[PDB]
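Listed below, chain by chain, are the residues.
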Amino acid sequence: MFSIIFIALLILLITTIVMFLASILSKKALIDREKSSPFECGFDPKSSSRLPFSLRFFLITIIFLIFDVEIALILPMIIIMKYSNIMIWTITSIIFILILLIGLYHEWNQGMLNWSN
Amino acid sequence: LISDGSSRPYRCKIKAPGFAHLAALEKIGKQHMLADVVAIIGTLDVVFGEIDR
Amino acid sequence: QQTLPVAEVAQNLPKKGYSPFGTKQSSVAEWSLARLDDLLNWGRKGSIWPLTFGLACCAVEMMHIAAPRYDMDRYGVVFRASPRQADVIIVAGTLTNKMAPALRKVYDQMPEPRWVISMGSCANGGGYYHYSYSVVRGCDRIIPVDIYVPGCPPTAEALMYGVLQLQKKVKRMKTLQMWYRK
Amino acid sequence: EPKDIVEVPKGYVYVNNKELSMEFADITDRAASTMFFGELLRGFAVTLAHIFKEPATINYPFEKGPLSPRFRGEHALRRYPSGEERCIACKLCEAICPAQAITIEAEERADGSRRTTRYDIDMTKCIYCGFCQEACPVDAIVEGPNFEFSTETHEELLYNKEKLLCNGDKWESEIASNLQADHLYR
Amino acid sequence: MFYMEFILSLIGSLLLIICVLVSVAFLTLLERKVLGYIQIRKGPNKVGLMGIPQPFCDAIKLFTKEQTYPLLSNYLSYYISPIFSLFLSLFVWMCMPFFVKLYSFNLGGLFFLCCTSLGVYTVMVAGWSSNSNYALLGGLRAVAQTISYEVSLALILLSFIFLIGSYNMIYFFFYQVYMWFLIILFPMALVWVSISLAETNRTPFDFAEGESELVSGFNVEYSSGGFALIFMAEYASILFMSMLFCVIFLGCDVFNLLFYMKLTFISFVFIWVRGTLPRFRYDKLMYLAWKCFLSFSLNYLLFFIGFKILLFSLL
Amino acid sequence: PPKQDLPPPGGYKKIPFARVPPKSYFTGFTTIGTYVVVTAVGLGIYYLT
Ligand code: SF4
Ligand code: SF4
Ligand code: SF4
C-alpha cells in the first residue's frame, strides 16, 4: 500500500506546485469592489442567497445510504461462493435480491418520488 | 396606425404576439421544474425587440 | 493615407518577419523578452473566448458566425457562457438604461486582459435609436471599447474580420518586452 | 396506418390524430424500441453518416463570399468621368436619411458651382439602409461594396468628405461595375 | 532486486501521469475537431499546423489570465477543490490493469467504486466555496446526479465480478481470451455507457456544469487556473471510463495496439453522444436511475447468480 | 430570351414536401428473438472459456 500512499503524496505535491506556479504566472490586478461579487447574470445578488434546507435531497441520499449499505452486504458474495455451503449461499443471497425487488415494486405503487412537493 | 393627415404618422402602436404569449408565462410556469420553464420560454418563441420597444 | 507597395517593390523587400516586434533586439534580455511576449501573445491570440452577450437583432449575426459557413471555432474561438471563463465580450444590440448597469457589472466581473468588440451600429454609437430617451448613446459611455465593427448588422464576414483584427491587436501587445523598460 | 381520433375536414392537418395501436405486434415493437433504443440507434447512425459530408466553411480571408451587386457597405462619394465631384448638395440624402447620420453644408465654389463644403456621415448612426443612394439624383453617394472597415477607435468612424472622396477614388472600378449592372434595373 | 522494484513502480506512476495529462489536454482538440464534423463545421484547423497546438494555446491563455478570486477570505477554500478533484481523476488510474505489473492491486473494483464516489465532495465544496446561488444549485444538482447513479453502478459491477470470479480486474483478460464480453452482456454495455456518462457529467446527463439552465453550474465562479484544473480533471475522467469500458467489454488486451484503437473509439463514442443527444430533466433522470436501472441491475444479479450456481454445478 | 423573372418552360417540377421514413430493419419479434439467440450462444462460449 504505502507505495500507493507515497505516489499519491507525490502527485498531490506536484499538483499543488503546479497550481502554486500558475498563481504566480498569472498577472495581478488591483482589486475592485465589484469584481468580487457573486455572479447573478449581471443584476445585484439578493439577500444572503443561502438556499433553503427544506427539501428532499437528504431523503434521496438517505435512500442512497440504505442501498449503499445493502451493496456492502452483497459485495463478498463473489469470493465466498466457492467456499460456502451452496444451499445457504443460494437461498440467502436470493432472498436479499428478492426482498429488494419487492421493496422497490411495493415502493413504486407508493410512488414516493412523485411527491406533491 | 393613426394618421393626422400630414406626412408624419401620428401614432404607431405595435401588437407583437410575444407580448401576450409571455404574460401568460406567470401562470403557465406554475409548479413546473426549472428546466421546464426554460423550455417553455423556447416554445413561446418570444423573440425580443417586438416585446419591448 | 498610404497604399500597398507595387510588384517590384515587394520583390526588393524581404519577409515581413513573424513577431510584429521584429528581430532587431540588441542584448540577450531584450531578445529573450521578445520571444516570451511572442509566446504569450500567441496563446492569447489563438484561443479567445467570447461571452455571447448578444442583446438583439445584432445577436443573430453573432450566431451565424458560430454557424458552419464562416466557422469561428476554426480560428480558436469558443462561446463560454460564464463570464469568469470568457476572455472577450461582443457587445451587440442596443444598450438601454435598464441594461447599462448590467453591462458594466458583467464587464468588470470578467477578469482581464479583457477586450470588447462593439458590434453593430446600435452598440457603436446608439445606432438608429441614438436620439432616444432610453438608450445609452453608444456603449463607449459604459465600457472601454476596443474594436468597432460597423454594420446594421455587420455581415458575418465583417464581424469575424474584426475578430482577426482583434487577434492582430492581441498579437502586437507589448507587456514583458516593455516592462523591461518600466 | 391506425385510424384517426378526430375527423378532419380539408384546409387542415391534425398532427396527432393518429392512434397508438394496442395490437400485440405494435406494442412489442415499441417495447423492443425502448429495450434496445432503436430510435437512438437511428439517430446515432445519422450523425456518424453525416461526418462523411464535406464541411461548408469558407477559408476566410483567402476564400470568401458570395455577395450580390446590390450589397450595401462602405459609403463613397463618386466622381464624374472627368473627375469632377458628382455631388451638388441637393441635400435629399440628408432629408431622407432615417438615422439622420448625414450633415451637409454647401456654398458656391469660386467658379460659381453649387457644391458641398462639409459632407459628413456617421457610420455609428448610419443603418446602411441605402435610402441615401436611392434618393440621390445624380448617384453622388453610394453604398460601396467594402464591408471590412473596422476601427479600433470610435472617432475613426465619423467620415468627412475627404475620407468619403478617398473611398470613392479607391473603389471606383467596382462601383462602376455594379451600377452598370443595376442602373437599368434599379 | 527489491529497490529495482520500487524505483520502477514510481517511474511508471510518474510516466503515466505525464502521459495521461498530456493526452487529455491534447484529447480536447479531438473533441473540438470531431464535434466540428458531426455538426457540418470544419473544427479548429487554424493554429500551428491544422490546429494541433490548440490545447497548448488554451493552457497558456488560462495561466496568463488572472485569478479573479471570489470574496476576500475564500482564497484557500476556493483554491482547494480544483486540486482535490484533479487528484482523484488522475490517481484513479493507478488501479487500472496491466500484465506488466504496475501494482498487485487487488480489490480493484472496490477501489474503482471508491474513487468514483469521491467526486461528490469535490464538486459540492467547490460550489460551497464559490458562494453564488447559481454555483450552489449546480453543486446540489451535480451531487444528486452522481450519488443517484452510484447505486446502479455498484450492482452493475457485481454482474461482471461474478462472471469473472474475483475482484481482481486482471481476470477480465483471462475470461475474454476467446470471445469478447460485450457480445454476452450487450444490454449492460448500453447501461454502463449511461452510468459512465453520468459520472463524468457529460450530456445527456449534463446537469452539473451544464449550460443554458445554469450558467456553468458549480464552474461558474471559477477563474483561470482553477478552471483549467477542473476542465482537465473532467477529461482525465472521461478517458478513464473509456479505458474501463475497453478493459471490461472489449478484450482487456493491454499489450495489443488494438486496445488503444479501442480506447480512442470509445472516447470518440462519448463525443458522438455529446453532439447528438438532448438533455434530461431532473426528475426523469431519477426515475431512470432508481425506477429503471436499479430494477435492471437486480434482475441480472439474480440472473447471473443462478447462472454461476448452474455453472458451478456443472464443474 | 427572358427580360424578367418568369418560370421556365414546362413550369417547375413539384417540390417534394412529403415525409418518408427509412428502412425499418427489425420488428419486436425479430429484435428480441435475435437478442436471446446471441445471449444463449454467449453463455455457451463463456462456459467453454
Ligand atoms: S445595429 Fe442594426 S443589426 Fe444591430 S441591433 Fe441595431 S438595428 Fe439591429
Ligand atoms: S443626394 Fe446626392 S447630390 Fe444631393 S446632397 Fe446628397 S450626395 Fe449630394
Ligand atoms: S444608408 Fe440609410 S442610414 Fe445610412 S447614410 Fe444612407 S440613408 Fe442614412
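Residues numbered from 1 in each chain as written, not as in the entry; some residues may be left out. Chains lettered and ligands numbered in written order. Part of a larger assembly, values for the part shown. Heavy atoms only, no water.

Asks: Looking at this structure, I do not really get the overall build of chain E. What am I missing?
Replies: Along chain E, the regular secondary structure elements total 10 helices and zero strands. The N-to-C order of helical and strand elements in chain E reads α-α-α-α-α-α-α-α-α-α. In terms of overall size, chain E behaves like a compact globule, its C-alpha atoms giving a radius of gyration of 20 Å where 315 residues would be expected to give roughly 20 Å. The proportion of buried residues among the 315 residues of chain E is 64%. Put simply, 77% of the contacts in chain E that link residues at least 6 apart link residues at least 24 apart. As presented, chain E carries roughly 11,900 Å² of accessible surface, and 76% of it is formed by carbon and sulfur atoms. Measuring between centres, the 17 positive side-chain charges of chain E sit 7 Å from its 14 negative side-chain charges. (Helix = DSSP H or I, 4+ residues; strand = E, 2+ residues; numbered from the N terminus. Rg over C-alpha atoms; globule rule 2.2 N^0.38 Å. Buried < 20%, exposed > 50% of the residue type's maximum accessible area, 1.4 Å probe, protein only. Contact = heavy atoms within 4.5 Å. Areas by Shrake-Rupley, 256 points an atom, 1.4 Å probe, with all protein chains shown as cover. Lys, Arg positive; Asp, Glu negative; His and termini not counted. Charge placed at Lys NZ, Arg CZ, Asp CG, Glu CD.)

Asks: Would you take a moment to explain the pattern of salt bridges for this structure?
Replies: Charged atoms that come close allow side chains of opposite charge to pair. Under the criterion given, the structure shown has 15 salt bridges over all chains. Where C:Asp73 meets E:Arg41, a salt bridge forms, and the shortest distance between an N and an O atom there is 2.1 Å. In this pair, C:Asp73 sits in the loop between α3 (58–64) and β1 (88–92) while E:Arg41 sits in the loop between α1 (2–38) and α2 (54–64), so the two residues belong to two different chains. Each member of the pair, C:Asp73 together with E:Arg41, is buried. Of the charged contacts, one joins E:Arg32 and E:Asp58 as a salt bridge, the two residues approaching to 3.5 Å between their closest N and O atoms. With E:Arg32 in helix α1 and E:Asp58 in helix α2, this residue pair connects regions lying 26 residues apart in the sequence. Across the pair, exposure class does not vary: E:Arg32 and E:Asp58 are buried alike. (Salt bridge = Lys/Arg side-chain N within 4 Å of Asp/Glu carboxyl O.)

Asks: Looking at this structure, how should I read the state of the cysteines?
Replies: Linking two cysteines covalently via their sulfur atoms produces the bond known as a disulfide. Throughout the structure, instances matching the rule amount to zero disulfides over all chains. Not engaged in a disulfide, the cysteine E:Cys115 finds its nearest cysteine sulfur in E:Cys114; these two sulfurs lie 5.4 Å apart. (Disulfide = S-S within 2.5 Å.)

Asks: Whenever I open this one, a negative patch on the surface confuses me. Can you help?
Replies: There is a patch of like negative charges on the surface, built from C:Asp140, D:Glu152, D:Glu155 and D:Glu156. Within the secondary structure, C:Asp140 sits in the loop between α5 (120–125) and β3 (147–149). (Patch = residues over 30% accessible without salt bridge, like charges linked within 9 Å, V, L, I, M, F, W, Y side chains within 5 Å.)

Asks: Can you help me understand the site of ligand 1 in this one?
Replies: All names here are of chain C. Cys57, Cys58, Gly93, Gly120, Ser121, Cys122, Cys152 and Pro153 make up every residue found near ligand 1. With three residues, α5 is the largest single contributor of residues to the shell around ligand 1. Its residues assigned to classes, the shell around ligand 1 comprises five nonpolar, three polar and no charged. (Near = heavy atom within 4 Å. Nonpolar A, V, L, I, M, F, W, Y, C, P; charged D, E, K, R; others polar.)

Asks: What's the story with the UniProt feature "transmembrane region" (unreviewed entry) in chain E in this structure? I'm lost.
Replies: All names here are of chain E. Summarizing the sequence annotation, UniProt attributes the feature "transmembrane region" (unreviewed entry) to residues 6–27, 76–100, 107–127, 147–165, 177–195, 227–250, 257–275 and 287–311 in the numbering used throughout. When the span residues 177–195 is considered, its composition is 53% helix and 0% strand, and the gap between its end C-alpha atoms is 26 Å. Secondary structure content for residues 287–311 is 100% helix and 0% strand, while the C-alpha to C-alpha distance between its ends is 34 Å. (UniProt positions renumbered as here; feature names shortened; annotations may be inferred.)

Asks: It is not clear to me how the arrangement of the chains should be interpreted in this structure. Could you clarify?
Replies: Taken together, the eight pairs of chains in contact show their highest number of contacts between chains A and E. The two partners chain A and chain B share no contact, and the minimum distance between any of their C-alpha atoms is 9 Å. Between chain B and chain F there is no contact, and the shortest C-alpha to C-alpha separation is 23 Å.

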